[PDB]
Amino acid sequence: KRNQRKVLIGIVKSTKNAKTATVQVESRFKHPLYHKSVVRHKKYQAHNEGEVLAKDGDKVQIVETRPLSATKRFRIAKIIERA
Amino acid sequence: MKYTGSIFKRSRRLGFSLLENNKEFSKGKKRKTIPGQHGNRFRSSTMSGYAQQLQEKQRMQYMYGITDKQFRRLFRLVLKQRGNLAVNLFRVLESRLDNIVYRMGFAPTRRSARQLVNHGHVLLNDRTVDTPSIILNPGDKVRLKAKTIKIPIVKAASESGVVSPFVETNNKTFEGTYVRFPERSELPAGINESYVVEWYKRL
Amino acid sequence: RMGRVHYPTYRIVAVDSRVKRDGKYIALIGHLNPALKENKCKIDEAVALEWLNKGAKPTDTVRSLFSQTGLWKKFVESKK
Amino acid sequence: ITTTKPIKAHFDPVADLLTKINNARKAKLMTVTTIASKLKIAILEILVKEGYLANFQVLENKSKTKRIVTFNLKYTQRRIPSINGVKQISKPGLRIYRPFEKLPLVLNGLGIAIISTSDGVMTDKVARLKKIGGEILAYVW
Amino acid sequence: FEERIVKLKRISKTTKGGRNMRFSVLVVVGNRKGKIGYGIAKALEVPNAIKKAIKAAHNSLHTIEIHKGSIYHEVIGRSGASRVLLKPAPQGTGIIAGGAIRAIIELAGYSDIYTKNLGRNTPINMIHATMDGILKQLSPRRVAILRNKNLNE
Amino acid sequence: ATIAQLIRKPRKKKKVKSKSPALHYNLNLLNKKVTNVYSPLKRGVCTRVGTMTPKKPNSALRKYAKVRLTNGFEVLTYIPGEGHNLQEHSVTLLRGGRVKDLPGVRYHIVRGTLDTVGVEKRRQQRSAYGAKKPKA
RNA sequence: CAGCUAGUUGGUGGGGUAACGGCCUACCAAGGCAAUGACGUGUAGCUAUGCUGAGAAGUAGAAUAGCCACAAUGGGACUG
RNA sequence: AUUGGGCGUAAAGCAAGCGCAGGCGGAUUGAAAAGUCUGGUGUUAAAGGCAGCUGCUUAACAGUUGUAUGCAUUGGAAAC
RNA sequence: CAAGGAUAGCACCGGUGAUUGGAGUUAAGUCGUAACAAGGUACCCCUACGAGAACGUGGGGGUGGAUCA
Ligand SMILES: CN[C@@H]1[C@H](O)[C@H](NC)[C@H]2O[C@@]3(O)C(=O)C[C@@H](C)O[C@H]3O[C@@H]2[C@H]1O
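For this deposition, the record names cryo-EM as the technique by which the model was determined and cites 4.7 Å as its resolution.

(A) Here's a closer look at a nonpolar patch on the surface. All names here are of chain F. Together, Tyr-25, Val-34 and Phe-73 make up a nonpolar patch on the protein surface, roughly 330 Å² of accessible area in all. Mapped onto the secondary structure, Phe-73 falls in the loop between β4 (63-69) and β5 (75-79). For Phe-73, a relative accessible area of 56% translates into the label exposed.

(B) View of the side chain of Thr-65 of chain A. Residue and element names in this part refer to chain A. On the secondary structure map, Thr-65 appears in strand β4 (residues 59-69). Overall, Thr-65 belongs to the buried group, its relative accessible area being 10%. If near-sequence neighbours (up to four positions away) are discounted, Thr-65 is found in contact with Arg-73, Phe-74 and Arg-75.

(C) Main features of the pairing of strand β5 (residues 83-88) of chain E. Residue and element names in this part refer to chain E. Pairing of strand β4 (residues 75-77) with β5 involves three bridges; the strand directions are antiparallel. For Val-75, the partnering residue across the bridge sits in β5 and is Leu-86. Turn length for the β4-β5 hairpin, with the two strands adjacent in sequence and antiparallel, is five residues, and the turn residue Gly-80 shows positive phi of about 65 degrees. Looking at chain direction, β5 and strand β6 (residues 113-118) are connected through six bridges and run antiparallel. Looking across to β6, one finds that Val-84 is bridged to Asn-117.

(D) Molecular detail of the sheet that holds strand β5 (residues 175-178) of chain B. All names here are of chain B. The antiparallel open sheet is built from three strands, whose spatial order is β3-β5-β4. Each edge of the sheet is formed by a strand with only one pairing partner; in this case those strands are β3 (141-142) and β4 (167-170). Judged from the two bridges that link them, β3 and β5 form a sheet pairing that is antiparallel. Bridge pairing in β5 links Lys-141 to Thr-177.

(E) Examining helix α1 (residues 13-27) of chain D more closely. Residue and element names in this part refer to chain D. Given a rise of 1.5 Å per residue, 15 residues ought to cover 21 Å, and the 21 Å separating the end C-alpha atoms of α1 matches this to within 8%. Of all the residues in α1, the buried ones are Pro-13, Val-14, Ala-15, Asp-16, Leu-17, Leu-18, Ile-21, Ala-24 and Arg-25. Residues of α1 that are buried make contact with β1 (32-35), α2 (38-49), β3 (67-71), β4 (86-88) and β8 (134-140). Downstream of α1 by one or two residues, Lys-28 has phi in the positive range, about 60 degrees.

(F) Focus on the sheet that holds strand β4 (residues 42-43) of chain C. All names here are of chain C. Taken in spatial order, the four strands make up an open sheet running β1-β2-β3-β4, and their pairing is antiparallel. Each end of this open sheet is capped by a strand with a single partner; those strands are β1 (2-4) and β4. Looking at chain direction, strand β2 (residues 7-14) and strand β3 (residues 27-32) are connected through five bridges and run antiparallel. Looking across to β3, one finds that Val-13 is bridged to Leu-28.

(G) Structural view of the packing of helix α3 (residues 68-78) of chain B against helix α4 (residues 85-94) of chain B. All names here are of chain B. For the pair α3 and α4, interaxial distance at closest approach is 11 Å and the crossing angle is 125 degrees. When the interaxial angle is binned, α3 and α4 end up oblique. The way α3 lies across α4 gives a crossing that is right-handed. Contact residues: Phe-71, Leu-74 and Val-78 in α3; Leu-85, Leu-89, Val-92 and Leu-93 in α4. Residues that form the contact of α3 with α4 fall into these classes: seven nonpolar, no polar and no charged.

(H) Structural detail: the nonpolar core. Counting residues in each nonpolar core, the largest one holds 35 residues, and the members touching the most others are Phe-71 and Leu-93 of chain B. Residue assignment for this core shows that the elements contributing at least two residues are α3, α4, α5 (97-103), α6 (110-118) and α8 (193-199) of chain B. The greatest single-element share of this core, amounting to five residues, is contributed by α4 of chain B. Counting contributing residues per domain, this core is built from domain 1 (7-92 + 189-199) and domain 2 (93-184) of chain B, each supplying no fewer than three. Once residues lying within four places of it in the same chain are set aside, the contact partners of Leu-93 of chain B are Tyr-64, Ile-66, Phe-71, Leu-74 and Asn-99 of chain B. One finds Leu-17, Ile-43, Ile-46 and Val-121 of chain D within the second-largest nonpolar core, a separate group that totals 24 residues.

(I) Spatial organisation of the protein's contact with RNA strand H. Close to RNA strand H lie 39 residues; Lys-80, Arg-127 and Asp-130 of chain B together with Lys-38 and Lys-131 of chain D are nearest. Protein-proximal atoms of RNA strand H, defined as those within 4 Å of the protein, fall in sugar or phosphate at a share of 78%. Within the side chain of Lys-80 of chain B, an N or O atom sits 2.4 Å from a phosphate oxygen of RNA strand H. At 3.0 Å from a sugar or linking oxygen of RNA strand H is found a main-chain nitrogen or oxygen belonging to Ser-133 of chain B. Those elements that provide at least two residues to the surface near RNA strand H are α3 and β2 (127-128) of chain B, β1 and β2 of chain C together with α2 and β5 (97-98) of chain D. For the surface near RNA strand H, the residue count by class is 14 nonpolar, ten polar and 15 charged.

(J) Representation of the packing of aromatic side chains in the model. All chains considered together, the criterion is met by eight aromatic pairs over all chains. Plain terms: the ring middles of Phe-75 of chain B and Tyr-200 of chain B are 6.3 Å apart, the flat faces sit at 50 degrees to each other, and that makes the pair tilted. Of this pair, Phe-75 of chain B sits in helix α3 while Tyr-200 of chain B sits in the segment after α8; the two residues are 125 residues apart in sequence, bridging distant segments of the chain. The class of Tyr-200 of chain B is buried, set by a relative accessible area of 6%. With a centroid separation of 6.2 Å and an interplanar angle of 85 degrees, the aromatic rings of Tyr-178 of chain B and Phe-181 of chain B are classed as edge-to-face. By relative accessible area, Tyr-178 of chain B is classed as buried at 8%. Exposure remark for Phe-181 of chain B: the relative accessible area of 39% places this residue in the partly exposed category. Members of the aromatic cluster, each reached through a chain of ring pairs, are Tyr-50, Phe-71, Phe-75, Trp-199 and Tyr-200 of chain B. The ring of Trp-199 of chain B has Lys-57 of chain B lying over it, and the distance from NZ or CZ to the ring centre is 5.3 Å. The ring of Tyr-72 of chain E carries the charged tip of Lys-68 of chain E above its face, separated from the ring centre by 5.4 Å.

(K) Quick peek at the domain arrangement of chain B. All names here are of chain B. For chain B, the assigned domains are domain 1 (7-92 + 189-199) and domain 2 (93-184). Each of domain 1 and domain 2 has a C-alpha centre, and the two are 24 Å apart. Listed by partner, the interface residues are 19 residues for domain 1 and 13 residues for domain 2. Taken together, the two surfaces of domain 1 and domain 2 that pack against each other cover about 1,500 Å², and 55% of this comes from carbon and sulfur. Contact with domain 2 buries area across many residues of domain 1, yet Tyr-64, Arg-91 and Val-92 alone supply 40% of it, more than any other trio. If you look at where domain 1 meets domain 2, you find one salt bridge.

Conventions we followed
- Residues numbered from 1 in each chain as written, not as in the entry; some residues may be left out.
- Chains lettered and ligands numbered in written order.
- Part of a larger assembly, values for the part shown.
- Heavy atoms only, no water.
- Patch = residues over 30% accessible without salt bridge, like charges linked within 9 Å, V, L, I, M, F, W, Y side chains within 5 Å.
- Areas by Shrake-Rupley, 256 points an atom, 1.4 Å probe, with all protein chains shown as cover.
- Salt bridge = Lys/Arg side-chain N within 4 Å of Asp/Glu carboxyl O.
- Helix = DSSP H or I, 4+ residues; strand = E, 2+ residues; numbered from the N terminus.
- Buried < 20%, exposed > 50% of the residue type's maximum accessible area, 1.4 Å probe, protein only.
- Contact = heavy atoms within 4.5 Å.
- Pairing = 2+ DSSP bridges.
- Expected span 1.5 Å × (residues − 1).
- Axes fitted to C-alpha atoms, helices over the stretch in contact; angles between N-to-C directions.
- Parallel < 35°, antiparallel > 145°, perpendicular 65-115°, else oblique.
- Left-handed = near helix turned anticlockwise from the far one by under 90°.
- Nonpolar A, V, L, I, M, F, W, Y, C, P; charged D, E, K, R; others polar.
- Core = buried A, V, L, I, M, F, W, Y, C linked by side-chain atoms within 4.5 Å.
- Domains from an automatic or database assignment.
- Near = heavy atom within 4 Å.
- Polar contact = N/O pair within 3.5 Å; in protein donor to acceptor, adjacent residues only side chain to side chain.
- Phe/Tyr/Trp six-rings, centres within 6.5 Å; stacked < 30°, edge-to-face > 60°.
- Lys NZ or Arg CZ within 6 Å of the ring centre and 35° of its normal.
- Buried area = accessible area lost by both parts, 1.4 Å probe.

Below, the structure is given as structure tokens:
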């Protein structure tokens, strides 16, 4: 049973609740009219499965899952630690 | 107008004729000035490029007895294929049935040929033809529906005419065949076709 | 029918018996012209097998035409 | 070789070299110098191998702490520069990247545009020969 | 050798005890084979102004080159803030232009060309800009001699 | 301008107000609601018939009519044609247009309508100024 | 149109949906979204496309086709 | 007015300044390749635009043969 | 749970409505000459007072002012 989903890489920003974080992703994409690569940033709420621990100010890669609730539609899958 | 019923006025105003010259037979004064009454010293009020373009457009159109909207339709179909469209317009215009009918020596005028064709006096590809708006293809014949071969006008004018070099006919059986495309230097014409090409801005 | 009045048309089209004419479908098997019938029909002869192998049997009015073409003989091989 | 009155990098390679070229052909100046960089070296290389430019040199004092390039312009005894016109298409605020069949040509093929795809800058005809499109940077003629 | 009018105007200087009304005529001369020029004149009546304009235009005659019966490279000519944009026309398409530009291009012996006008149209300024742009024309031999390569590309 | 200010402030097109917004607005019963249909002609009722003086470069005695409409706005119009058949209280057809002699009159009472007859004679112009064919 | 929001936000247990989920419930906890334009207001069926323009684009989204919407107005539920 | 406009006297450079965010940026080398360039694959329905062909006396038309931007995966290129 | 009613007053947008404000449109209306020249007190800009009006003046600023330049 192959298990695949969309994956997005972003930077975690905040955490106030229990084992849940809010991550800011950035995307530089062409403007629809002038073809200027504008940066848009967006917030996503994620939860910790148990093999991870959310610390603010880190790059993460998240995948889809069953919708936990509103805005919680991804989980922190892989962390790339600072080098 | 598709059937003007008066061509001498156009000939006098334009100084041209569908035939070589037969629209001045001294039935009174033989004057090459404009018809009507506008003074024999006046020519026109506006003589720009628009005026001469329109004049040549009317000359070319009324030399064939065609309406303007069908001319625009023909130009639209001409834009499909490409090449030297200046002479291609002439080649396609001459491919109309009545044009080749005159080129066959069948009837002196396109109007007479149209009158013959519409009333069901022509056979082509075993199908009755009632309109000259047929895009002739290379390698097609035309019969005469021998019941109507008894028309005095065509019988008399078969020999007394001129046969174009790009068409052939066995006039003894009164059937002709399209040989090849017409040429500019073989037919009598002095029309500035470039004016015709440039004038129509619908496309 | 589709096409032109007094000149009908019906494409041989792969579809399941759920919706109306000229709508959602799966594949375009071919076309038949009833305006001139001389035992000839636009048929791919390959995709129709896939269409038949996934249910959704064609319109009932084409069975004789497919038998004339020779599709039933190779289709009934499964039940052999 | 000696040049006092120290020079300053304008903002970037392409704009600096192009404005220097335009001002030189307006003032008929032989030698024009600017700050050294890989991109400017490539631009000078292509513009001198395309037969629009005179001698070009790259020099340093002892290290890359002071490294500059300089170049002359092709001329004629009748006081006429070989080049006639120039216009930059790529700007620091906007860079347009185009496919193969969207490759522009100047004059009608007379001018040469400078296109870099993955191996430095090159002429339009060679890029079309290798069927690689990419980004243009300037039109010269 | 054609000498067609372009735009005739009424002008008048104002002076104590009466103003002097006169006619101003703009002309363009072209053999249709390469010698082209243009001129202005003013006079009390038609014949003197026409003769003056013909003489002035004939004096300023200069030649022009033909590239396959077309203008083989783009040109944006400017004079008095009136841009004229000329680009090659492939043979078999005809020649398109506006009245003054029509006369200018046909008088220079040019088969066809695609033209456009930017800015407020003005006859004399437009004629000046068009002639400046046409006389700016380049040539493959020019680029060959100013380059190292001796070919078109 | 520059790219960035285009990004933050995209340019917006400008449109000229139509020369007859009254011919485009309509009302209805069962409710009060103004809607736009951009009609090319409407129906009206004349409430005043008289004359008014034109501006500087011409002086004459024209026929102008105040006309109310089934919709909200009510406006003026100019009566063309030799003579007239408009006394008061008549239903007629209003069409877009403009007359350059009076302030704000940009409407034409097209003759040959439900009530007004035309300049029975004008054979040169018979599409307008509704009249029969040229006399046999 | 400067702040909107309270099942709104999240953990736990149960219920329930055709399944996953404040979808509902009991306790506990207090953020989410926003100046990169939420929220409020005005207008609007969307899409392939029709038309114009060489094009970037502008305009309207009639036939025709796909989707959702509603069936005098508003609530519910049975049936399969 | 990205294509394709301006701001001295015609409309238009804020009264001037400090600056948050944003946008834009000195040279050399490395790494991947975030876009870009460039292949394969699957997806952009039908009808419709465009090109050829065919039957409608014939054009109008209809059918057919192809074409059409964009998206995602996958391998190359590392000049920007 | 619960459409719906009833009461009560809070928000938002519209129609209408005596009667007055200002603007535009009208062929040398009356008032006075304000401005255009050194326009007969140089002009203009900001602000304050006052008078039928045109504006006059106070304070600050400029020449898009004439002579001398
Ligand atoms: C006061 N003498 C004047 C003075 O000589 C003028 N020239 C400067 C002179 O000018 C004229 O000769 C003219 O040219 C025209 C006429 C209006 O006044 C004429 O008479 C004008 C004379 O009356």
